[PDB]
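**Student:** One structure follows; several queries about it will come next.
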Amino acid sequence: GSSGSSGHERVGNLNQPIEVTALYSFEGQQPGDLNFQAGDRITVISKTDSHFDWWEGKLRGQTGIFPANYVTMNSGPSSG
């Protein structure tokens, strides 16, 4: 419960996370990674402006890092 030194004071405004669909299955070799399967939607909480990099999302009430190349950005009608 009790905390020491923590906060969210950093550049970048995130009013809401992003939703991505795992294009392929993945198995986090480390405990800090994330475990998902082709189709499982991952809640992107902290990602970068690069597709060739690992992002941080949330799945099945979990959190970990994973390659963005294993997911895709799915959004509704941009014009409609």
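If you're wondering about the labels, chains in the structure tokens are A, B, ... by order shown, residues count from 1 in each chain, ligands from 1 in order shown.
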Hey, what's within 9 Å of segment 56-72 of chain A if we count only C-alpha atoms and toss same-chain stuff fewer than 6 positions away? As a PyMOL selection string, please?
**Tutor:** chain A and resi 17-26+28+31-36+38-47+50
**Student:** Could you jot down the atom CA of residue 54 of chain A to atom CA of residue 1 of chain A separation for me, Å, one decimal place?
**Tutor:**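 Between atom CA of residue 54 of chain A and atom CA of residue 1 of chain A the gap works out to 29.5 Å.
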**Student:** Between atom CA of residue 10 of chain A and atom CA of residue 49 of chain A, measure the distance and give it in Å to one decimal.
**Tutor:**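 Atom CA of residue 49 of chain A lies 16.0 Å from atom CA of residue 10 of chain A.
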**Student:** Atom CA of residue 75 of chain A and atom CA of residue 16 of chain A are how many Å apart?
**Tutor:**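 It comes out at 14.1 Å.
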**Student:** Pick out each residue of chain A that DSSP on the backbone tags as strand (DSSP E); I need them as a list in words.
**Tutor:**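 Taking chain A and keeping strand (DSSP E) gives residues 18, 19, 20, 21, 26, 27, 35, 36, 41, 42, 43, 44, 45, 46, 54, 55, 56, 57, 58, 59, 62, 63, 64, 65, 66 and 67 of chain A.
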